[PDB]
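Here's the structure, in C-alpha cells; my notes come after.
Laboratory data are not the source of any read-out in this text; all were calculated from the coordinates shown. Here the Cβ positions follow ideal geometry from the backbone for every residue, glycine too, while neighbour counts run over all protein chains shown.
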6 protein chains.
Amino acid sequence: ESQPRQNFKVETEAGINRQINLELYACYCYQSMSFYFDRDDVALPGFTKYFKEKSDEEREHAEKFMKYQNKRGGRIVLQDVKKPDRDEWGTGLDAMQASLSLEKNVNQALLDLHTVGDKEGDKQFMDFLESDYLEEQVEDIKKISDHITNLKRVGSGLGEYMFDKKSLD
Amino acid sequence: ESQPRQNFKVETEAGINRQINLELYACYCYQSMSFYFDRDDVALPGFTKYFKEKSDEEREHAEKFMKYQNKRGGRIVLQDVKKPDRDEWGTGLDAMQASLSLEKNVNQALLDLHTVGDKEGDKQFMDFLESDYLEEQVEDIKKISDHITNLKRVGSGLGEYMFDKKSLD
Amino acid sequence: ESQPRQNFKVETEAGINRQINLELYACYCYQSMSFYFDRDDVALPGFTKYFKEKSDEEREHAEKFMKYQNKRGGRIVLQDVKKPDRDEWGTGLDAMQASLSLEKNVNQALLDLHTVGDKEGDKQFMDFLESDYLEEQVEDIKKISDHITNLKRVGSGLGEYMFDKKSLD
Amino acid sequence: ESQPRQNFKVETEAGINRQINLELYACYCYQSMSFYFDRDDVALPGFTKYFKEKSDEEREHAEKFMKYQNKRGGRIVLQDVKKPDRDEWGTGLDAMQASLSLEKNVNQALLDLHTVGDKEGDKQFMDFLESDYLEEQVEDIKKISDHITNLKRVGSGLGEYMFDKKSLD
Amino acid sequence: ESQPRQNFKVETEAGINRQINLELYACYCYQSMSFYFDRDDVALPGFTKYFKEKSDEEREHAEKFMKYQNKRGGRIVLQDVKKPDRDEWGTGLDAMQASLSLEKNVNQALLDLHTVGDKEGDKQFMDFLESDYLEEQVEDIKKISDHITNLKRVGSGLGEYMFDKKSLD
Amino acid sequence: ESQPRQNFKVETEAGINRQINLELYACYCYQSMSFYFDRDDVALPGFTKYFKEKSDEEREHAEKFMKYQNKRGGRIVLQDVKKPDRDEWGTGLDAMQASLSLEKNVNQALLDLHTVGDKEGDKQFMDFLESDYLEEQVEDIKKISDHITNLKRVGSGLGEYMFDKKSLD
Ligand SMILES: [Fe+3]
Ligand SMILES: [Fe+3]
Ligand SMILES: [Fe+3]
Ligand SMILES: [Fe+3]
Ligand SMILES: [Fe+3]
Ligand SMILES: [Fe+3]
Ligand SMILES: [Fe+3]
Ligand SMILES: [Fe+3]
Ligand SMILES: [Fe+3]
Ligand SMILES: [Fe+3]
Ligand SMILES: [Fe+3]
Ligand SMILES: [Fe+3]
Ligand SMILES: [Fe+3]
Ligand SMILES: [Fe+3]
C-alpha cells in the first residue's frame, strides 16, 4: 500500500484513471477540432484558437488528475486514447454542438466520479472534483451553450465569420 | 430542456429562485437600514456605510444566484421583493440584532437550499453554495455577533457614537 | 417635525417615496433584463452588461432619492418592489423597446414628481429633479431610442449579434 | 446559545476542540523534530527549518480551528497538549517517517471530524475542513512520502546531508 | 558529553527545559486569551491581536530556549504543556491582570533560572537570560501594568471598548 | 483537390498522419514518464519536470505536423494514440534509456518520412522536416545519451538523486 494512501479506495483510484483517459480523449477531440478549423477549406482562426485552448485545458484536466492520482497514492494506469469520433466537425455551430455534447459527457463522467468518491467517503477527492472540475465544467458548458446560441443566431456564412472574430478573441 | 442543463433538478432551480428573492429582500432590508441611519435624527454614518455595503453584498448574492441559475440552465423567475418588515430600525444595536436575525434566516435558507442540492445529488451546486455563500454567511454572522456584543458593551449614546466611528470604518 | 424640514411638503415627501419604489422597480426590470440576456438561449453579453449597468443606475436613482428624502427631513417609506411585468424580454429589440417604455414611464413619474414640487413651491427639489434625474432621463431615452432604431436597422440574427458587440461595449 | 450558533452541533464543536489539541500536538511534534535536527550531533539545518515551518503550519491549523470554533459560536476548550511521543527522532528518514505517520493521524482525525460535520449536516464546516485542511493534508502527505522515498534513495551519511541541502531549501 | 558542552551544568540544562515548558505554557495561555477575546460574546479584536502577538512572543521565547539548549549542548526534553488555568478570561482588565500574573511568574522562573546559571558560574547563560529574557520581561511587565491601570481607568463597557481600539493598535 | 495542394503527394500526406500519431504517442509516453517520476515511491521532480517538458515538446511536434498537414492541403486523419508500452519506467536511467529508444524510433520515423518527401520530390516538406524535426531529434538524442551516460556515471541512490537536481534544473 503506497505511503500517502489514506481514505483512497481502489474504485476511486480506478475512476480517476478512466477520467484521465476521458480528459485525454476530450483533449484529443478539441485538438482535432482546432486543426479542423485550421483547414484551408474551413479557415476559422478563432475556432482554431478556441479549440486549441480547449484542448490544452483538457490536457491540464488529465494531468491534474494524474497529479492527483499520485497525490493520493494511486497508480496512474494509462489506456489508449481513442481518436475522436469524427474527423471533420462540420460548421462552427456543429463543432460547438459537438463540444457541448463532449463537455456534458465529461461532466457526467465527473459527476459519476464524484459519486464514487462520495460513496467511498472520499471527502478530499469530492472537494477536489468540485473545486477543480465541476465548477469549470459548469462554466464551460454554459459558455459553449452561449456560443451555440450565438452561432445559431448569426447563421452560416458571414455570421459564422463574424462569430469567429467577435466571440472568440 | 436548456442546453447547459445537466444534473440540475427543477427543485434546485426553484430553490435558487426563492433564494434570489430572499437575497434581494436582504439587500432591501440593508438598504432600508442604511438610509435609516442616514436619517437626520439617527445620523450614524458608519452604520449607513456599513449597511449600504451589506446591501450591495446581498445584491451581489442575488445576482450571483441569477448568474448561477443561468449557468446551470435554470430560468430565473423573479418575485416581488417585499418591503423590509420594519421602516425604522431602532438603535445601532437593534439594527445589528435585526441584521443578525436576517443573516441567520438567509443562512438557514441557504442551508435549506444546500439540502435541496444535496438530496438531488447536485454536487456542483452544493460546492457553489458552500464556497460562495455558506462561508460568507458564517463570516458575516460571526462579524455581526461581534458588533452586537460591542454595541451592547459600549451602550447607548456616546458608546453607540464611538462604535459607529471605530468599529465601522 | 424633523430638524432639516423646511419648504418640504408631505405630498413632496410622499411623491419621493413612490418614485423610490419606481426607481427600484426599474432597477429590478433592468436586472431581470440583464440576466435574461445572460440566458444560454439568449447569450447576448453586451445586452447583459448594458442592462446590468442600467440596473445599477436605477439603484443609484432610488438611493439618491432615499438620500434626498433624508436630506429634506422626509421619512423613507419603502414598499414592495413588484417583480417586472415580464420574465422573458424577447429580442434585443424587444428588451430595448421595453426599456424605452420603462424609462418613459419613469420619466413621466419624475415629471409628475416635479409638478408636485413645483406646485408646492419646492424650489430646491425641482432643481434636484431637473439636475439629477430629468436630464439623465432625457439622455437615456434618446440613447435607448437610438438603440431601438439600430436594432431595427440591423435586424434579427447576425444584426442583433453585431449590435450587441458594436453598440454596447 | 451563542449568537452566531446555527447548524452547529455540540459534537461538531467538541470535535473541533479535539482537533485543535491534535493540531497543537502536531505543532509540538514538529517543534521537537525541528530542534532535534538542530542538535549539534544531528545538525541538519534543512530538517530544522523544514520542521520549524511544519510546526508553524500546525500552529496555524490549530488557530484556524480556534478561529473557526469562535466563528460558529462554539467555545474553545483547550486541553494539555501532550509532549511528543519521542524526544529523539532518529535519522532524517526516521523523522520524515514519523512526520508521515503524524500527518496521516491528523488526516484521519480530520476525516473523522468531517464525518461528524457530515452526519450533523454541517455543510459549511465540511467545506471548511475540505478547503482548509483536507487538501493541505493530502499535499503534505504526498510531499512527505516523496521526501521519505528520497531519503531512502539517498541513504545515510552524505545522502542524508545532500537531501537536507537539496530537497529542503 | 556533547561536543559544544562547556561550563554547562546539568541543572542549568534541566532549568532551561523547565523554562521551555513554562514559555510554552505562557504561549498557550496567551493563545487561549487571544481566542477568548475573539469569542463573539467578547469580540475585542485589539485584545485578540494583542494576546496573539504575546502568544507568538512566548513561542519565540520557548524556541530561543530550545535553540540555546542546543547551542550549549544540552538536550531539549519536552513535557506536556498544560492547558491554561482558565478557559474564559473575564474582562479585558481580568485578562490583563492574568497576563501580569503570568508574566511575573515567568519572570520569577527566569530569575530562578538566572540563579541556577549564576550559582553554576554559567557566565554566558546569565548574560543570555539577561539580554534576551529579563529585559523583555521587565518591559512586558511594565507594559501590562500600564494596560491594567488604563483598563481600570477607563472602566467597563465603552471604556474597555476604547482601550481595545486606542491602547492596542 | 484542396486549394493549397501543390507538389504534395498522398503518401506524403499519409506519412505526416502516421508521424502525427507517433508524435502524440511520444507525447503520451513522456507524459506517462513524467507522472511516473511524480509517484510518491519515485519522487524525482527533475525527471517529472524534464519528461513533462519533453511531453509538451512532442505535443508541439504533433501539432506542428497537423498545422503543416493543413498548410500543404492535406487532411489530418487522427488515430488512437496507444498507451505507452510500460506503465512503470524503472529508474531514472531506465526511463532515460526508454526515452532514447523512443526518440530514436521517432527519429527513424522522421527519416522515413523524409525519404517519402524525398522520393516524391517534396522539396518544401523535406526542408520542413530537416529544419523543424531532424535537427531537434539529433539534439534531443545527443542530450538524452548524455543523460544516460551521467545516470550510469552517478549510479543508483544518491547519484540518481543528485542527477535529478543537477542535470535537470
Ligand atoms: Fe476536462
Ligand atoms: Fe472543457
Ligand atoms: Fe466542497
Ligand atoms: Fe446574502
Ligand atoms: Fe450578509
Ligand atoms: Fe431611474
Ligand atoms: Fe434609466
Ligand atoms: Fe495540521
Ligand atoms: Fe502538516
Ligand atoms: Fe516568555
Ligand atoms: Fe511575555
Ligand atoms: Fe550582563
Ligand atoms: Fe517529436
Ligand atoms: Fe523528443
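Look at residue D:153 and say whether it is farther than 25 Å from residue B:103 by Cβ, more than 9 Å from chain A (Cβ to nearest Cβ) and among the basic types (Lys, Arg). Yes, satisfied.
For a quick check of your reading: which helices (runs of 4 or more DSSP H) sit entirely within region F:62-169 and have at least 2 residues that are touching a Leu at 6+ places or on another chain (Cβ under 7 Å) and basic (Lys, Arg)? Quick ask: steps written out before the conclusion?
Working: elements: F:92-119, F:123-129, F:135-154, F:158-166.
By residue number, no helices (runs of 4 or more DSSP H) qualify.
Taken as a whole, the structure places residue B:15 among residues that are more than 9 Å from chain C (Cβ to nearest Cβ), more than 16 Å from ligand 8 (Cβ to nearest atom) and under 24 Å from residue A:130 (Cβ atoms). Scanning region D:97-124 for residues that are within 16 Å of ligand 8 (Cβ to nearest atom) and out of contact with any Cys (no Cβ under 6 Å at 6 or more places or on another chain) yields a total of 16. Scanning region A:65-94 for residues that are buried (at least 23 other Cβ atoms within 10 Å of the Cβ) and over 24 Å from residue A:134 (Cβ atoms) returns A:89, A:92. For region A:130-146, check the following and say yes or no: at least one residue is buried (at least 22 other Cβ atoms within 10 Å of the Cβ), more than 16 Å from the chain's Cα centre (by Cα) and away from chain D (no Cβ under 14 Å). Within region A:130-146 (the criterion being buried (at least 22 other Cβ atoms within 10 Å of the Cβ), more than 16 Å from the chain's Cα centre (by Cα) and away from chain D (no Cβ under 14 Å)), the answer is yes, since at least one residue qualifies. Just one of the listed residues (B:134, B:110, B:158) is of a type outside the set (D, E, K, R) and closer than 18 Å to residue E:157 by Cα, namely B:158. For residue D:151, are the conditions met, namely being more than 16 Å from ligand 5 (Cβ to nearest atom), among the hydrophobic types (A, V, I, L, M, F, W, C) and over 19 Å from the mean Cα position of the chain (by Cα)? For residue D:151, the condition - more than 16 Å from ligand 5 (Cβ to nearest atom), among the hydrophobic types (A, V, I, L, M, F, W, C) and over 19 Å from the mean Cα position of the chain (by Cα) - is met. The set of residues from region D:23-53 being touching a residue at least 60 places away in the same chain (Cβ under 8 Å) and surrounded by fewer than 22 Cβ atoms within 10 Å (Cβ to Cβ) comprises D:45, D:46, D:49.
So, in region A:1-13, of the ones that are part of a helix (DSSP H, G or I) and touching a residue at least 12 places away in the same chain (Cβ under 8 Å), which residue ends up farthest from ligand 9 (Cβ to nearest atom)? Show your work before the answer.
Residues of region A:1-13 part of a helix (DSSP H, G or I): A:10-13.
With touching a residue at least 12 places away in the same chain (Cβ under 8 Å) added as a condition, the list becomes A:11-13.
Details: A:11: 27, A:12: 22, A:13: 23 Å.
The selected residue is A:11.
Of all the numbered requirements in (1) touching a residue at least 12 places away in the same chain (Cβ under 8 Å); (2) more than 13 Å from the chain's Cα centre (by Cα); (3) away from chain B (no Cβ under 14 Å), residue C:74 misses one, and that requirement is (3).
Can you confirm whether region D:34-47 contains a residue that is closer than 23 Å to residue E:42 by Cβ, aliphatic (A, V, I, L, M) and out of contact with any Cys (no Cβ under 9 Å at 6 or more places or on another chain)? No, there is no match, as no residue in region D:34-47 is closer than 23 Å to residue E:42 by Cβ, aliphatic (A, V, I, L, M) and out of contact with any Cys (no Cβ under 9 Å at 6 or more places or on another chain). Considering (1) surrounded by fewer than 19 Cβ atoms within 10 Å (Cβ to Cβ); (2) in contact with an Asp or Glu (Cβ under 6 Å, 6 or more places away or on another chain), the lone condition that residue D:103 does not fulfil carries the number (1). Residue pairs whose Cβ atoms lie under 7 Å apart, sitting 6 or more positions apart in sequence or on different chains, and linking a residue in region D:82-105 that is away from every other protein chain (no Cβ under 12 Å) and in contact (Cβ under 8 Å) with a residue 40 or more places away in the chain to a partner that is among the small types (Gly, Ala, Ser) and in a helix (DSSP H, G or I), are D:102/D:26. Restricting attention to region A:19-34, the residues that are more than 15 Å from residue F:79 (Cα to Cα) and away from chain F (no Cβ under 11 Å) total 3.
Considering (1) more than 8 Å from every other protein chain (Cβ to nearest Cβ); (2) under 20 Å from residue A:24 (Cα atoms), the lone condition that residue A:111 does not fulfil carries the number (1).
Only residues that are crowded, with 17+ Cβ neighbours inside 10 Å, in contact (Cβ under 8 Å) with a residue 60 or more places away in the chain and of a type outside the set (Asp, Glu) were counted across region A:147-169, and they come to 4. Among the residues of this structure, residue A:61 does not count as one that is within 14 Å of chain D (Cβ to nearest Cβ) and either surrounded by 22 or more Cβ atoms within 10 Å (Cβ to Cβ) or under 27 Å from residue D:149 (Cβ atoms) (or both). On the basis of being out of contact with any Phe, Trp or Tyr (no Cβ under 9 Å at 6 or more places or on another chain) and within 14 Å of chain D (Cβ to nearest Cβ), does residue A:126 make the cut? Yes, satisfied.
Among the residues of region F:54-69, the one identified as touching a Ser or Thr at 6+ places or on another chain (Cβ under 9 Å) and without any contact (Cβ under 8 Å) to a residue 12 or more places away in the chain is F:63.
Give the number of residues within region A:21-68 that are within 26 Å of residue A:125 (Cα to Cα) and away from ligand 2 (no atom under 16 Å from the Cβ). Total satisfying the criteria: 3. Among the conditions (1) touching a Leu at 6+ places or on another chain (Cβ under 8 Å); (2) outside any helix (DSSP H, G or I), residue A:43 misses just one, which is (1).
For region C:82-91, check the following and say yes or no: at least one residue is under 11 Å from the mean Cα position of the chain (by Cα) and under 21 Å from residue C:156 (Cα atoms).
Here is the first cut: in region C:82-91, the residues under 11 Å from the mean Cα position of the chain (by Cα) are none.
No.
Considering only region F:106-127, state which residues are within 16 Å of the chain's Cα centre (by Cα) and in contact (Cβ under 8 Å) with a residue 40 or more places away in the chain. The answer is F:106, F:109, F:110, F:112, F:113.
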